[PDB]
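Only one chain is included here, represented as structure tokens and corresponding to the form deposited in one PDB entry.
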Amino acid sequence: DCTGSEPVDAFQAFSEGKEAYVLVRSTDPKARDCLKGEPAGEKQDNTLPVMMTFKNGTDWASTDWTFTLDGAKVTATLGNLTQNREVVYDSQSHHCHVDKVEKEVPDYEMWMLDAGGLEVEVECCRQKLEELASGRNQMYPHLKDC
């Protein structure tokens, strides 16, 4: 309140591969509609296969990514694409987390359990996202007729 999980560990922030997370806030104007990530297999050493589901226009679509975990950092790969993230905030019970997408102009994202989370924890994630966004525009992918 609002001291979440310290230090942040990406695998624990993903409930150790036991849950799916939904994208609820993003500073990226290209954030995919209804974006959701769910584990597609067990963690092999430091590698976790993840299926991302979202709406591509009116139809549902899916992409199979490979996540490499390193402390709070996550390197996601698909074909020739590579996305580097750092989980900068993770709530007390891993009900939600805030990521920093590492690039020329870094983006900030809020992810929460598709199964639902405690209001107090969800509020802490929202607060942390608002602080890091600092006057930038925000997208709401979960409201896109999901």
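From 1 onward, residues are counted along the sequence shown.
Just so you know, the form deposited with a partner chain bound exists too; it's not on screen, but the next bit is about it.
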Handout entry: residue 79: touches its partner chain in the entry with it bound, heavy atom cutoff 4.5 angstroms
Key = no
Exercise for the section: Considering only heavy atoms, tell me if residue 101 and its partner chain come within 4.5 Å of each other in the entry with it bound. Expected result: no
Problem - Touches its partner chain in the entry with it bound: residue 115 (any heavy atom, 4.5 Å) - result: yes
Problem - Any non-hydrogen atom of residue 2 within 4.5 angstroms of its partner chain in the entry with it bound - result: no
Practice task
Using a 4.5 Å heavy atom cut-off, indicate which stretch of 81-89, 101-109, 66-74, 23-31 touches its partner chain in the entry with it bound.
Solution key: 23-31
